[PDB]
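In the text below, chain A, chain B and the rest are named by the order of the sequence lines, each starting its count at 1.
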Amino acid sequence: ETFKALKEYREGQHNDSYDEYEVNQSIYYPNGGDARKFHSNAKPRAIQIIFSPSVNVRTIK
Amino acid sequence: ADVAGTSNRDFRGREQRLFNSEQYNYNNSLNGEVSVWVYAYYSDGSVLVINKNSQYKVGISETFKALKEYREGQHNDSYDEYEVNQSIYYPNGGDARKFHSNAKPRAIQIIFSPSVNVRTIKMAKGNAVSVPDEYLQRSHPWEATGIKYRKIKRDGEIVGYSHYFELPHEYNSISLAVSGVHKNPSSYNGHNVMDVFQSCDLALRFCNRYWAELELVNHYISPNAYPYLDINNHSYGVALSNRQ
Amino acid sequence: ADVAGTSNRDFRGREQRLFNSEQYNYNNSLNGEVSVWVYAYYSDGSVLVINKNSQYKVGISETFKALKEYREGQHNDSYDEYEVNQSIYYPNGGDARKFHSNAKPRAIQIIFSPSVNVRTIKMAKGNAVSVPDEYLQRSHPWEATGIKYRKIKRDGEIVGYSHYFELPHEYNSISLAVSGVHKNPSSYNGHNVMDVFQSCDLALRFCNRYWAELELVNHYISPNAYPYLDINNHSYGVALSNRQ
Amino acid sequence: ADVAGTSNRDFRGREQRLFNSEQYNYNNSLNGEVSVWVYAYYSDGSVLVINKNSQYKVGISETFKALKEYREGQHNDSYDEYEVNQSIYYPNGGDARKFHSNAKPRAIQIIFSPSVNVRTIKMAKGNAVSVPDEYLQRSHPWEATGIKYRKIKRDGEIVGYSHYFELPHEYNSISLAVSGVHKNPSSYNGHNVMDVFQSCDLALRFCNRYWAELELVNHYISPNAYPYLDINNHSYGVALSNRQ
Ligand SMILES: Nc1ncnc2c1ncn2[C@@H]1O[C@H](COP(=O)(O)OP(=O)(O)OP(=O)(O)O)[C@@H](O)[C@H]1O
Ligand SMILES: Nc1ncnc2c1ncn2[C@@H]1O[C@H](COP(=O)(O)OP(=O)(O)OP(=O)(O)O)[C@@H](O)[C@H]1O
Ligand SMILES: Nc1ncnc2c1ncn2[C@@H]1O[C@H](COP(=O)(O)OP(=O)(O)OP(=O)(O)O)[C@@H](O)[C@H]1O
Ligand SMILES: Nc1ccn([C@@H]2O[C@H](COP(=O)(O)OP(=O)(O)OP(=O)(O)O)[C@@H](O)[C@H]2O)c(=O)n1
Ligand SMILES: Nc1ccn([C@@H]2O[C@H](COP(=O)(O)OP(=O)(O)OP(=O)(O)O)[C@@H](O)[C@H]2O)c(=O)n1
Ligand SMILES: Nc1ccn([C@@H]2O[C@H](COP(=O)(O)OP(=O)(O)OP(=O)(O)O)[C@@H](O)[C@H]2O)c(=O)n1
Ligand SMILES: Nc1ccn([C@@H]2O[C@H](COP(=O)(O)OP(=O)(O)OP(=O)(O)O)[C@@H](O)[C@H]2O)c(=O)n1
Ligand SMILES: [Cl-]
Ligand SMILES: [Cl-]
Ligand SMILES: [Cl-]
Ligand SMILES: [Mg+2]
Ligand SMILES: [Mg+2]
Ligand SMILES: [Mg+2]
Ligand SMILES: [Mg+2]
Ligand SMILES: [Mg+2]
Ligand SMILES: [Mg+2]
Ligand SMILES: [Mg+2]
């Protein structure tokens, strides 16, 4: 997944979609955007990766 | 004339040092201001400041709702946020579409001017329904929290006092009031009581939401010679006593 | 040990009874809270509550406009309701599309905690332009209405005081303030004056609109051990003095 | 020590030159990346970039619709543009309110990293319904277009490969896929097959629309040390082999 694809998307609600385009421009390059917030709350705070017990853990990349 | 910076006749130097000393001392006289600020820090990096400035004594009192982030001229999920408040006031009391409202403060910083007497500071940190300590019947209406205030210092001078507490847990849902009294090392209290009543009317209030701590430092703290302490524990303010 | 509920050595029983007695008595000490609530009842069944909790004395003061129903995150006929206010402030002063605004309160209930002294209660029930009694020149700024307060009782104990008045007529358009003083049966008034000034800053306020009296009972009154009297004249609250 | 820039003992100089040589050579090893970019240029001056970066082999495949301009958070004539697509898929198949959609790309540039083997590049430039060559029955599924790729050069070094084609005519309505294989001058192909399958999962993708070629140069190409060729035939990239 892309950076954008991992950001929070609320189906059928407001998502600050224009401001969030500008947030992405600032994340891609420092001061590259014109957003109205310092930190987008759509950014993930953490990631958990889980595999089934049928994976071989030495092959995970 | 004498040459600058070489004798006791640099009157421009002496006057500069007196001007600064007079500002520091005037603020500390009973004719001077005492000021309080409450900073509420939000997860999007924005900061709400409330300031009050008054003679004699000063304070701020806000509801749980009033401390939540409000973005002027933008969407605020206003209906969902009514339902969020109902769930905060009473477990499962609401019908909201989110587990945690990002409009809840993540932290609070209380700052006083250096003219406060720290031993007079009192705080009522209530629950989300504005009760200081679980139930009204068992609540003392404040805690005297001056011992926890850290000195904000610049060049060795106290420029203000800070008490900072995080609200990082889901259960940290508060209403808040704070109060301090201007220094008064004299034994003049009395004759002055209606003047203190007028000070309640004369106190000036300011509130605004800044988009980032950087912007708060640059456009609010610094231009007004206010004291501040940032997330990196850096102190801001202007030392004045006996200084050019 | 002795068997429970059979001797003077049931210390768990004695401690439970002291815990409750201490809460009732602490509230009544000068270290304790005094609290007031104004309930404004709307025709859609919803209720606005405003509460203030403070040491020494407490009150609430609201405009005519501020008492009208406001539905957060929904439509409120906001423009028509500006015009409704102009017609209420002065006959035929507005251009509204309704004869009666359903946002007007149908009734008000004022409740005080049992720590108030009922003889100190004062009310300013003003007209829609915030004048107590027709014209300012002839207005005493309050009425002392304690005689009209009914005791809210549970198990024989006073858990609070209620004054209720309906606003069923088209001309019942009010602004409202109310105030009471915490009990003080001592002759200690003085030395304490700046503390009372800090209490004005420290008072915690709460306001919210509940959708029904049932919801107000279940999610506001009961969880907080508050006193209440419902439309059926049923009393709510928790008796504490000398009780397990 | 020896003086800088005067002897074979300038180890800081030697290490700088090795650092750069190692980056150029590592990219070319089978442990290194191979990368492709598709730039779609729109009449408002904006550019969509799609990039994919993977080990061993890499490619991009997009529909006609997916290559049309999309302005995030703005109006996009979305309904009319559905009807535009129906007319492009089949003559007179739609009911649109415009002759030419300005969301259609005016041109495409395909760039590969210098780690690709140009003889392995393949392109499927399909019609608007995703057929390579008129009808499926007569379609070879790609063309090997490496001969048309121009070397992007800086300071004499190949920093990347470009194939550019304009779509200036009304009938230029395409779907597009492109693929290249990382250099492999060895005879090690096999044992590695499941690793190549994992590379299909591990490939990282990026897409974004920049407002102008200038902004694409400044904020996308240059900060990431990517190769590029602009409309004025100017080359961008960083030469690394044996260079300080
Ligand atoms: N190198 C030094 N030696 C002696 N005194 C100094 C030196 N640097 C500053 N001072 C003086 O020492 C006092 C304290 O200044 P200092 O800058 O340490 O305080 P601050 O700004 O409150 O704290 P900090 O600088 O640690 O954040 C001031 O009177 C100042 O003029
Ligand atoms: N059947 C009874 N006989 C004697 N005393 C009782 C009886 N029931 C309750 N009491 C006691 O009498 C006192 C008054 O209790 P009661 O329940 O009447 O008051 P309340 O709840 O204020 O009023 P009400 O119940 O009429 O609304 C309390 O001390 C209680 O423990
Ligand atoms: N005046 C010169 N005489 C000899 N060699 C030069 C001169 N200027 C640059 N070079 C060297 O010649 C090689 C080619 O550099 P050059 O700048 O021509 O290539 P480029 O940047 O790919 O092409 P261009 O500059 O024409 O766009 C490099 O090794 C460079 O260091
Ligand atoms: N940095 C920004 C952010 C927003 N806006 C403007 O404010 C309007 C509303 O902002 P947007 O970010 O699109 O939020 P919403 O419309 O609330 O949410 P959504 O688009 O997800 O429905 C937009 O038309 C946009 O032009 C802007 O000029 N500059
Ligand atoms: N728990 C919720 C939250 C929202 N909604 C509905 O979704 C609509 C939009 O939600 P709202 O919370 O009002 O957000 P916005 O309109 O985006 O923002 P604002 O009201 O601040 O402009 C509202 O009409 C509301 O009825 C709902 O039914 N139940
Ligand atoms: N006496 C009135 C009442 C309403 N209107 C018009 O009708 C429109 C909608 O009325 P309003 O009273 O604002 O109601 P809503 O938009 O439904 O509700 P809200 O404003 O609370 O969202 C307004 O633009 C207003 O100009 C008017 O001309 N004269
Ligand atoms: N060939 C077309 C094009 C547009 N419309 C109508 O015009 C309205 C607006 O057009 P649309 O193409 O959706 O543009 P916008 O709403 O401006 O942009 P977007 O949908 O991207 O926000 C639509 O409801 C659509 O039904 C139509 O009937 N026939
Ligand atoms: Cl003084
Ligand atoms: Cl006492
Ligand atoms: Cl290798
Ligand atoms: Mg919708
Ligand atoms: Mg607007
Ligand atoms: Mg210093
Ligand atoms: Mg809404
Ligand atoms: Mg009973
Ligand atoms: Mg929008
Ligand atoms: Mg050159």
Quick check on the interface: out of C:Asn28, C:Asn53, C:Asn25, who has the most heavy-atom pairs with chain B under 4.5 Å? C:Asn53
Could you have a look at B:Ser139, B:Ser78, B:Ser199 and say which one has the most heavy-atom pairs with chain C under 4.5 angstrom? B:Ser139
C:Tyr236 versus C:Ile152: any side-chain heavy-atom pair under 4.5 Å? no
Non-hydrogen atoms of chain C under 4.5 Å away: do they reach the side chain of B:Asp77, the backbone, both or neither? neither
Quick one: are B:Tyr164 and B:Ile110 in side-chain contact, heavy atoms under 4.5 Å? no
Considering only heavy atoms and a distance below 4.5 Å, find which of B:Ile60, B:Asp80, B:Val58, B:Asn127 pairs most often with chain C. B:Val58
Below 4.5 Å from any heavy atom of chain C, which atoms of B:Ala203 appear? Answer side chain, backbone, both or neither. neither
Step by step, work out the salt bridge (charged side-chain N to carboxylate O under 4.0 Å, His left out) result for B:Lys68 and B:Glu81. CA-CA 10 Å; B:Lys68 296 173 72 194; B:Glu81 291 293 328; 2.7 Å; yes
Ranked by heavy-atom pairs below 4.5 Å to chain B, first place among C:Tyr226, C:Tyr24, C:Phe206 goes to C:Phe206
Contacting region of B:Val196 [heavy-atom separation from chain C under 4.5 Å]: both
Can you tell me which portion of B:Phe64 sits under 4.5 Å from chain C's heavy atoms? Options are side chain, backbone, both or neither. neither
Residue selection (most heavy-atom pairs with chain B, distance under 4.5 Å) from C:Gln23, C:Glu215, C:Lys52: C:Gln23
Below 4.5 Å from any heavy atom of chain C, which atoms of B:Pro91 appear? Answer side chain, backbone, both or neither. neither
